[PDB]
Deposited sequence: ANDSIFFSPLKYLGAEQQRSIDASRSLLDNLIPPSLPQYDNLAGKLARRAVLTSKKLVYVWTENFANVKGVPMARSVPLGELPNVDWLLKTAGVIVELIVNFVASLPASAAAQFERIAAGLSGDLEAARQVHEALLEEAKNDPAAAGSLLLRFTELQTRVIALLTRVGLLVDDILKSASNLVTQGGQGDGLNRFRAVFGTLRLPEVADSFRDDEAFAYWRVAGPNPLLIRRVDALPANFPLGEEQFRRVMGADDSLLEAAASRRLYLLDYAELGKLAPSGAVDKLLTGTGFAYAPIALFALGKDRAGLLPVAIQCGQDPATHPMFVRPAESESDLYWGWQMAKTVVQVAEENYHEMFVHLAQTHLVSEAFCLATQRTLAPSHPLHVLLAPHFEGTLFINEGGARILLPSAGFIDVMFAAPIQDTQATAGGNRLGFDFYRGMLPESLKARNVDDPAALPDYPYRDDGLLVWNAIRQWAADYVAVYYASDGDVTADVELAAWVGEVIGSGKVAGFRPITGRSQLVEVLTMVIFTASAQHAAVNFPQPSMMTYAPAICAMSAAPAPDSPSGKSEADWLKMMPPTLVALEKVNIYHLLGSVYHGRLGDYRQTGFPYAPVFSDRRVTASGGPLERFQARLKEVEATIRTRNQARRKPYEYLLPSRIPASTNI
C-alpha cells in the first residue's frame, strides 16, 4: 500500500537522528510562561503537551516495583546519549575482564574470547568518539552534520551494551557453579577500599553516621526511648566516671540510630534461599555519644532489635576486655547490615531515584518545552527514566542482584522500598527540615558532620539560583497562580506521581523552595548517597545487607569464629564488589554546567536574561566554584576527606 511508504525505510536510528536535530531547533525558541505566550504559541504548546502524553505514560504496575509511579516505557529521546553509554560500557567491560581473569582458566574459557572482543569493540568506539570530536573542533561550521555520526556511534554502543547484557546473563546462569581472604579475592585486580583497613575501629564505625552513605538517620536524643533500657552504670563504663546520661543529654552529646522503619527488610527470623543459604537482617537501636570536647562520636551501646525483652544490651568494651570483644564486633556488624538495607532501599532507591522518576514524568507531560521551568528542570532528569527501568528490570527480579545481596524475600524487599517511596514527605524531606527535625542542625552541638555542612552550601547555592531564575519569569505571586501549566504539573505530582506532602503552589517563595528540593534531590542528594558505594560498600566484612548468622545472643564469650559465621557467602561478595563499583563509577553531567551532555554540548539556556555576563546562571556557577574551594579547605582540616558534595563531583541528574 502507498500508505506503507513512510514505514518502508524508517528505523530507530533515523528516528533518533531526527529527534536529536529537532531538539537543537526547539532549544532556540525563547521561553515563556503560558499566560505571556501569544495565541499561536499557546496552541502549539498545548498540542505538543497532548502528544507528549502519548509517549510519557504513568503506570503503577511496572515489573518488580508494583505501586510505584513509573514510566510505562522509556521514550526514544530518553535513551542515554553516547557519552554515558561509553563510560558505562567501559566500566562494565573492565569489571567483566577483571572477573573472568580471576576464574580458573577452565571456567574462564567460556567467557574470555567474548570479553576480549567486547573490549576491542569498546576501544574502537572510543577512538571513533575522539576522532569525531577532533573533526568538530577542526571544522566547527560543519559540526551540525557530525550529529548524525554521533547518532550512528550511539547505535553501535547500544549494540555493544546489548551484547554485554547477554554475556552477564550467561555468567549469572552459571553463578553457583562459578577466614576473610575470600573477601579480598573477589576484588581481583581492584584495590580494596580504605574502609577495609579501618572497619574494626569504633571511631570509624561511628563516623559512618555523619560522613557515610546514609547521613540521614542519626538524631539527637534527650531521653532514651522506653525500648532502649540503658542504665547509668553502663553509660559511665564507656564514657567515664564523671559523665552521665543526664549530663550528656542536657549538653546535646547523645545521638541515636533507630532502624524501626526497616519493617520487613529486617525479617523476623532466618530467611532460607537456594542461591545464598540462610540469611538474617535486623532493625537495631544504637546509641552514640560525643566526648565533652566534641572531637568525635563514639558508639556506646547497641541493642540488636526493637524489643529489649529478646535483645540484650551490648555495651562498648575496654581494650583489655577480651571476653567482650567479639560480641561487640558482632553487634556492630548487625548495625552495618541494617545500614545497607536502609541506605540502599530507602535513602538511595526510594528517596532519590524513585522520587526523581515522578518529577521527570510530570515535567515532560505538563510543562511545555517552551516553559522556562521545563528548560530549567529537564537537564536534571537526563537518563533518569532509563536508569530506573534498569533498576526495576535488572536489579529487582527473583534471583537478581538485590535478591542475592539483601536478606529479605525479594517480594518483601520490593514492597518495603515501594512503601517507603510512597510515604516519603516532600517538605519534611528537604535538607534543612531534615536537619531540624533530627536536632543535628547546630554545628556547636555536633561539629563534625560533613554531609550537613557541605550539603547546606550546595542547597543554599541552588536556592539562590532558583530565586534568581524564578525572578526572571515570575514578577509576582499572581504570575505563579496564573500559570496553568505549573498548576497542571502540581496536579500530576500529587495525583499520578503520588508524592506525599506535595501541595498547591501559591507564591514565588514556595515555588523557589519546591524547585530547590527537586534540583537538589536529582543532583547533590543522589551524589551524596550514590558515590560512596565504591569506596565504602564494596568490601563485605565492613558492610553487607545480609548476615549468614543470627545476632549475637550474648555480650560475653564470643570468638573470632562466631563473628566469621556472620560473613556472607562468596556469591554475595562477588555481586557486591561489581555492582557497587559500577554504580559509583559513572559521572555523567555536572551541576551548574547547563550544557547538553551529548554532542554538540549546546547551552541549555538561550534567554539572554539568564545567560548574561554576571547574570543568574553565572552567579550560580561562580558560587559553586566558591563552595568547591570551601570544601577543599575543610577537607585539609578533617580527619578524613569528605568529597561527595564537591560540585565538581555532583552530576546534574540521577543517571546511575
Got a list of the deposited-sequence ranges with no coordinates?
1-3, 182-189
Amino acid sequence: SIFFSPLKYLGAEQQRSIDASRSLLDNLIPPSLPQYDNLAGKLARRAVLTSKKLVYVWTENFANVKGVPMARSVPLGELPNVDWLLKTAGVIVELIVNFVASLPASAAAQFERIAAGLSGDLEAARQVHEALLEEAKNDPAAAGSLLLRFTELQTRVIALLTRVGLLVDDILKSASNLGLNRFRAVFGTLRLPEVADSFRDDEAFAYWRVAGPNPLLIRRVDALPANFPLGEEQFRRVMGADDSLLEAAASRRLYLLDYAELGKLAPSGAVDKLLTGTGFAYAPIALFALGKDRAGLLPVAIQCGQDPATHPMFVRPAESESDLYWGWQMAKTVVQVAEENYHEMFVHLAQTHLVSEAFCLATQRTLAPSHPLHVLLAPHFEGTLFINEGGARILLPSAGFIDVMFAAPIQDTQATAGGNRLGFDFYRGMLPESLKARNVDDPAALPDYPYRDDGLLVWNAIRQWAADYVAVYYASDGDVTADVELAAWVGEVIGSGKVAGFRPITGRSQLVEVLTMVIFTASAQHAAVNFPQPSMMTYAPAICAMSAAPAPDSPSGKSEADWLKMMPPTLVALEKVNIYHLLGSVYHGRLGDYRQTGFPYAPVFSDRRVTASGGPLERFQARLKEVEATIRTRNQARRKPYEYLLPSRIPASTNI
From here on, numbers count along this sequence of modelled residues.
With respect to the recorded C-alpha B factors, which stretch has the higher mean value, 334-342 or 160-168?
160-168
Per the record, averaged over C-alpha atoms, which has the higher B-factor: 22-30 or 41-49?
22-30
Quick one: which of 140, 215, 379, 418 has the biggest Cα B-factor according to the entry?
140
If you compare 551, 361, 116, 289, which has the highest Cα B-factor in the entry?
116
Pull the Cα B-factor of residue 384 out of the PDB entry and bin it into the chain's lowest, middle or highest third.
lowest
Where does residue 372 sit by CA temperature factor within its chain: lowest, middle or highest third?
lowest
Taking the entry's C-alpha B-factors for this chain, is residue 258 in the lowest, middle or highest third?
lowest
Could you say whether, by C-alpha temperature factor, residue 228 belongs to the lowest, middle or highest third of its chain?
middle
Chain-relative CA temperature factor third for residue 616
middle
